[PDB]
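From first to last, the protein sequence lines stand for chains k, j, t, a, z, d, i, y, f and c. Residues in the first sequence are numbered from 10 upward in steps of one, following the entry's author numbering. Residues in the second sequence are numbered from 5 upward in steps of one, following the entry's author numbering. Residues in the third sequence are numbered from 1 upward in steps of one, following the entry's author numbering. Residues in the fourth sequence are numbered from 11 upward in steps of one, following the entry's author numbering. Residues in the fifth sequence are numbered from 1 upward in steps of one, following the entry's author numbering. Residues in the sixth sequence are numbered from 12 upward in steps of one, following the entry's author numbering. Residues in the seventh sequence are numbered from 1 upward in steps of one, following the entry's author numbering. Residues in the eighth sequence are numbered from 17 upward in steps of one, following the entry's author numbering. Residues in the ninth sequence are numbered from 12 upward in steps of one, following the entry's author numbering. Residues in the tenth sequence are numbered from 23 upward in steps of one, following the entry's author numbering. See structure below.
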Amino acid sequence: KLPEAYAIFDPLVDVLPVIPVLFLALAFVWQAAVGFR
Amino acid sequence: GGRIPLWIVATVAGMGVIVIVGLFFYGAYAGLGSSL
Amino acid sequence: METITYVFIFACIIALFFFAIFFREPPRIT
Amino acid sequence: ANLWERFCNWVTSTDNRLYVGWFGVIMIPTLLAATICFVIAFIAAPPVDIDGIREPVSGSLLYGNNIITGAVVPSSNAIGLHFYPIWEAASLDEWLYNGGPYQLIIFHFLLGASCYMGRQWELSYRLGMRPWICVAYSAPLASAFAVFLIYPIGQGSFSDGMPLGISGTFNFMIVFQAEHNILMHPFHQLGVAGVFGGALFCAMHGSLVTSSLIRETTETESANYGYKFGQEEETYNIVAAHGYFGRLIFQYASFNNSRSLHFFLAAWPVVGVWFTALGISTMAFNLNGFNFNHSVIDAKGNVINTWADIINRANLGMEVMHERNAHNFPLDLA
Amino acid sequence: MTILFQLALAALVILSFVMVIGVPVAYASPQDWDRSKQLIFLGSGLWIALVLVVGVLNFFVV
Amino acid sequence: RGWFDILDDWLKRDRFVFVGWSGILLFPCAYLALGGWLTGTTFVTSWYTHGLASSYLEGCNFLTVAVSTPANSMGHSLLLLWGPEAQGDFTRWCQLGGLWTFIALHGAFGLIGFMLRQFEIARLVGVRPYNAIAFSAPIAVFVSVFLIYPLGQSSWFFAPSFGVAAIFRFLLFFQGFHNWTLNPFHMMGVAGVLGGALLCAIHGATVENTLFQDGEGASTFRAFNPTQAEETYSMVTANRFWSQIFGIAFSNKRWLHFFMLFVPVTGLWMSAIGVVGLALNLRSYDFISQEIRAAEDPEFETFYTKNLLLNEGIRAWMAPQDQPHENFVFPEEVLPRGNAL
Amino acid sequence: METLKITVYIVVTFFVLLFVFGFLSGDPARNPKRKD
Amino acid sequence: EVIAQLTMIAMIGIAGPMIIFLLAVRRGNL
Amino acid sequence: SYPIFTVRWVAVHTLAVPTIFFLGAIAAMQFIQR
Amino acid sequence: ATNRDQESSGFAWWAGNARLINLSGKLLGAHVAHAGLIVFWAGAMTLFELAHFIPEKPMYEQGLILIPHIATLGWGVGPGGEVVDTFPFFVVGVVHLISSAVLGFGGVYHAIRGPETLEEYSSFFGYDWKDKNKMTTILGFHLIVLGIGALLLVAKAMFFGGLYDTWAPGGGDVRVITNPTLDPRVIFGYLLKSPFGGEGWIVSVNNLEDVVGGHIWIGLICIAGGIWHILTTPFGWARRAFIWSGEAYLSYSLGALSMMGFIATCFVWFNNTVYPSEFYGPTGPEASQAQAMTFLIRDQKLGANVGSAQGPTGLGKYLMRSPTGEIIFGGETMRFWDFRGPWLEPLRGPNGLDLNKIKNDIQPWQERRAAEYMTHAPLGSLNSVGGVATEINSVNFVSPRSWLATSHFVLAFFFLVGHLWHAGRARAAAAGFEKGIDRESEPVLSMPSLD
Ligand code: CLA
Ligand code: CLA
Ligand code: CLA
Ligand code: CLA
Ligand code: CLA
Ligand SMILES: CC1=C(/C=C/C(C)=C/C=C/C(C)=C/C=C/C=C(C)/C=C/C=C(C)/C=C/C2=C(C)CCCC2(C)C)C(C)(C)CCC1
Ligand SMILES: CC1=C(/C=C/C(C)=C/C=C/C(C)=C/C=C/C=C(C)/C=C/C=C(C)/C=C/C2=C(C)CCCC2(C)C)C(C)(C)CCC1
Ligand SMILES: CC1=C(/C=C/C(C)=C/C=C/C(C)=C/C=C/C=C(C)/C=C/C=C(C)/C=C/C2=C(C)CCCC2(C)C)C(C)(C)CCC1
Ligand code: OEX
Ligand SMILES: [Cl-]
Ligand SMILES: [Cl-]
Ligand SMILES: [Fe+2]
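The structure is reproduced here in structure tokens:
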């Protein structure tokens with residue numbers, strides 16, 4: 010388990026590890042905004 | 005003929021398929037075909 | 001007779017390598 | 011000048027019939043050692059106990075084999091991963107009985123095979139060429155590293171490596187399926203798509219180029235004489251081939267660019283075989299294919315079999331029969 | 001102390017979420033690089049205060 | 012000027028998706044074979060023909076879904092919808108495997124339509140029909156494996172089933188029962204596949220590393236326009252490289268690209284001939300000299316005999332369920348097993 | 001066996017030294033190009 | 017529960033494209 | 012300017028219409044309890 | 023413009039991070055941005071493991087990789103490897119996570135506003151790839167940093183609580199290391215060991231005295247060479263042998279990570295000292311050795327004389343010999359007779375396993391340790407089904423040894439591909455035919471024919 014004061018944040022810490030993958034996906038949304046120059 | 009940008013629909017349709025296939029991989033652990 | 005037949009074919013393929021390399025038809029440019 | 015400078019000029023000489031090079035200084039002796047030992051072993055080597063249970067296996071022609079069944083047998087399971095050169099055995103007779111030649115061949119081979127890859131970069135550098143032909147050759151090389159070393163390492167014995175024979179390779183594929191279910195692993199599936207598409211794209215590109223040759227010969231002589239070595243002209247109409255293949259599918263499913271096309275022909279099979287090499291290298295550490303045994307089950311609890319449960323039946327048949335005396339305990343964990 | 005924690009930590013997350021979207025937009029924007037700068041000294045300087053309190057005030061609820 | 016030439020003009024109109032006379036056979040047959048497989052793997056079961064689940068509705072994933080072959084009692088029946096078996100019932104038609112013959116037969120004429128599409132388009136643009144000739148290998152493979160092989164055995168039951176996991180079972184069945192790896196026609200077929208994959212990678216890589224500098228960009232893809240007349244890569248430099256590295260090298264572009272047609276196409280044809288032999292159980296299963304020796308010399312062992320013991324295990328363990336119509340019942344004491352395992 | 005061991009240790013050492021001192025003998029300058 | 021995980025992964029997931037869209041409308045240094 | 016209903020229109024909608032229909036049916040199957 | 027399109031930079035969009043080879047400012051912001059992304063996953067994954075953590079179950083039954091990294095350091099575990107306090111795991115997760123924002127704060131700054139060049143902003147931070155002196159000093163700077171981090175590990179072992187030592191007498195427990203082994207005949211004796219069976223090269227380390235003592239030789243060597251490369255410039259023989267370019271340095275590092283990648287793979291698979299079996303699970307050889315002892319105990323309890331038991335092959339059913347004479351277990355596990363584990367060594371004597379101590383000195387904790395490791399052999403499927411390939415679905419388990427070995431082999435190979443790609447390229451870029459052969463000066467045309 011976690012703490013109990015930090016127990017309400019269990020659904021938040023369940024999704025944090027995936028955040029690194031999204032930065033790589035962001036590079037394609039952001040370049041599609043500039044049109045692959 | 006282009007009133008909404010192509011990169012916007014590219015992400016929307018991209019985010020749309022991410023969810024539907026994830027629903028399929030999720031179903032591998034619940035209901036039928038889950039060995040449980 | 002089998003062992004002699006296998007090694008004889010193997011020796012021909014190796015001898016074929018020596019001619020196909022050092023006695024090939026030279027490619028020339030024009 | 012000095013003789014060392016003259017020697018370095020000969021090793022790197024671009025005028026030799028067969029390029030030597032600094033990689034070649036290592037490649038030539040290691041390969042020559044491996045083939046000479048392999049030829050002699052394949053013909054007249056005595057039987058070898060591979061499984062270490064005092065059960066020798068005949069593998070040479072003079073001991074009752076043909077080209078299909080003959081093989082150089084892996085080293086004994088009593089050695090495992092231990093280094094076993096000739097000078098570690100009390101003689102040659104002991105060396106041949108414990109599968110000695112197998113280690114000497116695959117070691118001198120993988121060494122020379124790696125220097126063969128670097129030799130491809132070396133000559134590319136001396137001729138003004140781009141260097142990435144060696145990278146494409148890394149896919150079949152890494153495959154040889156997987157079945158000859160990476161898998162014996164993960165399992166802990168060279169007796170589990172791929173034998174040096176035609177039927178020996180077939181024995182390696184069957185046992186690998188019973189203990190890892192390689193067919194249900196995605197990396198082998200990606201490897202099949204690389205070799206199936208590789209042959210598909212090979213036949214395709216070969217046909218489309220041979221479909222649009224410029225007419226430069228008669229009907230009496232071969233079409234190949236329409237091309238001459240070293241000519242500046244391209245002997246086939248590229249946009250004519252694009253006009254045909256673009257109408258079979260649709261216009262944007264065809265490559266109008268020759269450089270983008272040959273890159274696709276090089277990319278697809280290389281990264282595909284990279285995966286099937288990585289598939290063998292990962293299953294060496296016992297991360298096997300998908301397991302769907304008894305995964306579908308009815309409202310009561312009866313096992314509704316699928317095609318995966320039938321695959322498990324054939325796998326059980328191979329597993330209970332392979333190495334029929336090498337096991338004393340109910341689990342085969344290596 | 002008791003609840004002065006799930007408020008400070010939830011205020012920490014709320015400030016973290018508005019910057020992560022707010023900082024980089026302010027970043028490539030020549031709308032007001034001096035007007036749009038002091039809100040970054042304030043937020044980040046406040047962000048350190050919120051992690052410093054939630055950290056040392058943590059020990060009274062652990 | 013008649014209706015025939017008016018219809019001929021409409022079919023050959025240069026549109027986005029070319030129709031042509033071949034399309035009348037290709038498009039409806041290709042759409043029903045694929046749509047029939049998608050309808051089968053999504054909804055249709057195989058409980059009364061094989062005793063297996065095989066749709067997404069039953070709980071199977073993309074790997075285990077399949078359109079299983081009909082039961083063994085159905086023989087070589089075409090299993091038509093209006094036929095004497097289903098008698099017009101679409102529900103009972105799916106329950107006995109009508110979709111398998113619906114996919115195999117519609118897909119067979121679909122292949123014929125696609126090859127006729129290659130002949131028709133090649134004539135209109137004025138090219139040589141070598142692409143159509145190369146497609147003969149995937150057709151000979153499909154006919155010998157899905158049609159000539161089951162027609163040689165007992166029924167459509169022992170034909171491949173359209174599924175990812177049902178195809179893996181097909182190979183293991185051929186290893187245990189046919190020793191299909193030992194057949195020299197599969198060996199030549201393997202050489203045609205692995206060889207074509209070798210040529211495909213080595214030709215594309217040689218082209219990418221012997222190009223001329225026709226541009227000012229570090230990514231050398233924009234330095235090409237389809238309307239040149241000069242070669243984009245050096246043929247004489249690639250010849251010297253491979254002459255010194257490997258020994259021989261290509262010197263003719265027309266021969267090189269024909270060789271890439273001959274190797275993979277011939278390989279598939281040879282493997283189709285080996286399957287035609289297996290339909291009659293004409294196998295390359297044994298070496299007689301080996302078996303005469305091993306039967307009277309209990310110390311003679313080769314990798315050939317080790318693999319036969321594996322074949323004897325695959326048969327005795329997968330038969331009772333893979334062939335449920337035979338009603339096989341093997342007690343625990345008759346199952347071939349090694350020590351411990 | 002010990003005599004054979006010494007020979008291989010000498011042969012292997014001889015070829016690996018030709019390899020190291022070969023590349024160290026100004027290898028990047030051996031190109032059909034600019035030599036530096 | 018489930019919603020708590022999905023409610024926030026949507027906010028984490030929308031934050032990305034929001035940055036590229038906000039400066040696209042204000043002509044930022046994209 | 013451009014037409015709307017072409018042969019390209021039929022070829023697209025012959026595969027697009029059933030696909031979305033199948034994506035909904037397979038979606039409902041993920042919640043089928045035994 | 024600003025070298026952010028193909029027309030000005032020469033690189034396409036799929037190779038556009040190469041548009042920074044000579045933009046020291048934007049490239050500085052890229053590395054620190056990626057540096058913050060690792061620190062982010064380091065903390066975000068640990069708190070996830072702690073949230074899903076259960077003390078009653080072993081760590082290898084729950085799919086953890088970093089909590090064992092913290093537990094091996096001696097933080098939060100007591101005797102026998104049992105977790106006694108989860109608070110250290112929480113701090114490591116938060117401090118790594120809180121620190122992820124500060125580098126992300128600067129990685130974004132140096133990449134969007136920061137001076138795209140630093141050569142005119144500062145002579146100290148601005149650099150030239152061809153500047154052999156400026157490069158060796160940045161190398162020397164980071165050498166001292168890594169040398170300090172090496173002495174931080176021994177600082178934890180000798181002064182701040184110590185390390186968890188599985189070889190501790192009477193059971194695993196954390197122990198302060200007081201006599202680090204500094205003998206160069208031993209520390210450097212590992213580098214010259216054969217990497218084959220029975221030797222193991224540096225993977226064979228089996229005591230925290232050698233681990234600790236080896237890390238302080240490395241600590242000073244990186245400090246000495248760090249100062250060395252700050253006060254020196256490459257000699258003549260070093261300049262005519264290497265390529266001095268921005269990408270060439272990247273290729274030298276790719277081949278270094280690839281080598282370190284393969285080394286770490288064999289570490290976690292074979293070593294059970296720095297990768298304790300109580301945390302990561304038993305190794306391959308360990309679990310197979312555990313099966314042979316599990317059934318020796320069972321059959322001997324029923325009256326079997328395991329010493330004279332002849333198996334079907336003629337070799338011993340339970341015990342045999344290695345090719346050098348040591349008494350080892352029998353069966354397929356003969357290949358794993360080099361394994362050494364704290365649960366088995368009490369029964370090992372001068373000539374291998376002692377038959378008398380096997381009959382008398384086997385304890386119930388050894389019978390459970392052998393059974394537990396037997397039922398947790400690193401075998402499993404991709405969908406995480408425990409056991410052999412023919413097992414049915416039930417036990418959700420694959421060993422952390424499997425995830426860590428397979429993953430770091432995939433990377434080590436791909437980085438070997440990265441070396442081959444970028445190294446052969448920097449050669450062809452330093453020459454300058456990296457974009458094609460010149461038509462009017464094709465080299466092959468000036469050479470004599472081969473025949
Ligand atoms: C070019 C298109 C094409 C082709 C070649 C085929 C081919 C086939 N289909 Mg398919 N089909 C198609 C399109 C096509 N289909 C389409 C578009 C649909 C959707 C409705 C179907 C739906 C369908 C179903 C549902 C089934 C088939 C089946 C079959 C097979 C048997 C067909 C048969 O015996 O018909 C016989 C008909 C002819 C040979 C036509 C000849 C007519 C000539 C001109 C004489 C005319 C007679 C005249 C009017 C006098 C009247 C007779 C009077 C005495 C009563 C065969 C492989 C069956 C199958 O695969 O089972 C396994 C099956 O059950 N088809
Ligand atoms: C230390 C690591 C490192 C660094 C800093 C670089 C840096 C560089 N490389 Mg190199 N590379 C590396 C390792 C590295 N490489 C390795 C290990 C390989 C072998 C696999 C390569 C192979 C390689 C090639 C073949 C090429 C480069 C090129 C380049 C340049 C441009 C790269 C770019 O814009 O990326 C652009 C980034 C992308 C296009 C994204 C790719 C995404 C990958 C394919 C999938 C990710 C896999 C992931 C696990 C799954 C994603 C999950 C998904 C579901 C969301 C740049 C100088 C190019 C060059 O020569 O420049 C001069 C070039 O052509 N690299
Ligand atoms: C971790 C990996 C990584 C990193 C650090 C970078 C970094 C960079 N890239 Mg690269 N790139 C990457 C992956 C990466 N990229 C991949 C995967 C691809 C292939 C799709 C590319 C392809 C690529 C090309 C083709 C080019 C770059 C360029 C650039 C540089 C200019 C960025 C810019 O102007 O954006 C401007 C964009 C914006 C202002 C929009 C907002 C973007 C911000 C940075 C998002 C950050 C959000 C984040 C949550 C905020 C932090 C939180 C905060 C609280 C701390 C920059 C240094 C360019 C270059 O070389 O510059 C000279 C260029 O031409 N990149
Ligand atoms: C490798 C990392 C690295 C490097 C080389 C640089 C280099 C630079 N930065 Mg940057 N920066 C970094 C990380 C880095 N930064 C990070 C992580 C942040 C986020 C806080 C920033 C935020 C930042 C801002 C906001 C600005 C700079 C500026 C500058 C420039 C002036 C430096 C100066 O005046 O310091 C002079 C030296 C000192 C003040 C001495 C400080 C000594 C340090 C801080 C003590 C602790 C260091 C310790 C060893 C590192 C901890 C290790 C830990 C990560 C494990 C210089 C080019 C400025 C610039 O471009 O000029 C306008 C600027 O405005 N940086
Ligand atoms: C990150 C680490 C690092 C890196 C990249 C460098 C990089 C460099 N150093 Mg430095 N160095 C370092 C750390 C490092 N140093 C440390 C920690 C010290 C202190 C001991 C030194 C002390 C040092 C000195 C004293 C000198 C260098 C020099 C050099 C340059 C030449 C390197 C060379 O030719 O290698 C190639 C290596 C060889 C040709 C040696 C032979 C290769 C052997 C036989 C291969 C055996 C490897 C084998 C596969 C496995 C080994 C395991 C075991 C058997 C040992 C180069 C710029 C030289 C220079 O010009 O700098 C001024 C120089 O004179 N270094
Ligand atoms: C049989 C029959 C018939 C027919 C029918 C049909 C024709 C149908 C169709 C159908 C269809 C037409 C369907 C479709 C389907 C589809 C689907 C089902 C899809 C899905 C997919 C997805 C989901 C995707 C995936 C992916 C990929 C592919 C790649 C990568 C990514 C991803 C993973 C996303 C009729 C009645 C006439 C008659 C009688 C019988
Ligand atoms: C930890 C934490 C935090 C943070 C977070 C973050 C940092 C986030 C980030 C975020 C992000 C960073 C996100 C991103 C996202 C992205 C996306 C979502 C993308 C998508 C993609 C796509 C979908 C694509 C598409 C496409 C295109 C566009 C074109 C081409 C094609 C394709 C299809 C591929 C906070 C503050 C909350 C607080 C609490 C804790
Ligand atoms: C440049 C560039 C790029 C990149 C970017 C990056 C790489 C970034 C990074 C970023 C980062 C690196 C960020 C970070 C952030 C962080 C944060 C925002 C955090 C927060 C945290 C929190 C808020 C927490 C909370 C808590 C506590 C305190 C306690 C326990 C519970 C919890 C966990 C809830 C790209 C590719 C896109 C493209 C363009 C350019
Ligand atoms: O050796 Mn060749 O194969 Ca790999 O598992 Mn264990 O060990 Mn033997 O049985 Mn199954
Ligand atoms: Cl076997
Ligand atoms: Cl055993
Ligand atoms: Fe070509």
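Each residue gets a CB set at the ideal place from its N, CA and C atoms; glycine is no exception.
Open item on the list: I'd like the list of long-range same chain contacts for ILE240 of chain c, defined as Cβ closer than 6 Å, with 5 residues on each side in sequence excluded.
Closed with: Contacts found: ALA172.
Open item on the list: Is the separation between the beta-carbon of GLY327 of chain a and that of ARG326 of chain d shorter than 9 Å?
Closed with: Closer than 9 Å, so yes.
Task: Cβ-heavy atom distance, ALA344 of chain a to ligand 9, below 8 Å - done: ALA344 of chain a Cβ: within cutoff of ligand 9.
- [ ] Name, please, each residue of chain c whose Cβ falls closer than 8 Å to the Cβ of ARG16 of chain a.
- [x] Close to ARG16 of chain a, with beta-carbon spacing below 8 Å, lies no residue of chain c; the smallest spacing is near 18 Å.
Open item on the list: Taking beta-carbon pairs under 9 Å, can you tell me which members of the stretch 232-255 of chain a lie near chain t?
Closed with: Look at the stretch 232-255 of chain a: the residues with a C-beta under 9 Å from a C-beta of chain t are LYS238, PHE239, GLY240, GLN241.
Task: Any heavy atom of ligand 12 within less than 7 Å of residue CB: hits in chain order - done: Put simply, the residues with a CB less than 7 Å from any heavy atom of ligand 12 are a:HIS215, a:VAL219, a:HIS272, d:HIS214, d:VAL218, d:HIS268, in chain order.
Open item on the list: Quick check: what's the CA-CA separation for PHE181 of chain c versus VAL198 of chain c?
Closed with: Their Cα atoms are separated by approximately 7 Å.
Open item on the list: Given the structure, does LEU320 of chain d come close to ligand 10, in the sense that its CB is under 8 Å from one of the ligand's heavy atoms?
Closed with: Answer for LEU320 of chain d: yes, Cβ within range of ligand 10.
Open item on the list: In the DSSP assignment, the beta strand (DSSP E) including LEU369 of chain c goes from what residue to what residue?
Closed with: Per DSSP, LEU369 of chain c belongs to no beta strand (DSSP E) and is neither H nor E.
Open item on the list: With a threshold of 8 Å (Cβ to nearest heavy atom), would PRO95 of chain a be considered close to ligand 7?
Closed with: Taking 8 Å as the cut-off, one finds no heavy atom of ligand 7 near enough to the beta carbon of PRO95 of chain a.
Open item on the list: At a threshold of 8 Å, does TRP93 of chain d count as lining ligand 1 (C-beta to nearest heavy atom)?
Closed with: The answer is yes for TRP93 of chain d.
- [ ] Compare the C-alpha of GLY103 of chain c against each of c:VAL117, c:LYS79, c:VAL116 and name the closest.
- [x] Nearest of c:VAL117, c:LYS79, c:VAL116 to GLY103 of chain c, Cα basis: c:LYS79.
TODO: Run down chain c in chain order and give the residues with a C-beta less than 9 Å from the C-beta of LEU11 of chain k.
DONE: Neighbours of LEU11 of chain k on chain c, chain order: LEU69, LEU72, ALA73, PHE75, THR108, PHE112.
Open item on the list: Would you say the beta carbon of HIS195 of chain a is closer than 8 Å to some non-hydrogen atom of ligand 10?
Closed with: No, the Cβ of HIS195 of chain a stays beyond 8 Å of every heavy atom of ligand 10.
- [ ] Could you tell me whether the Cβ atoms of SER268 of chain a and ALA250 of chain a are closer together than 9 Å?
- [x] The beta carbons of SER268 of chain a and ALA250 of chain a sit no closer together than 9 Å.
- [ ] Can you pull the chain j residues whose beta carbon is under 7 Å from the beta carbon of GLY70 of chain d, in chain order?
- [x] Taking the beta carbon of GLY70 of chain d as reference, the chain j residues within 7 Å of it are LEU36, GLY37, listed in sequence order.
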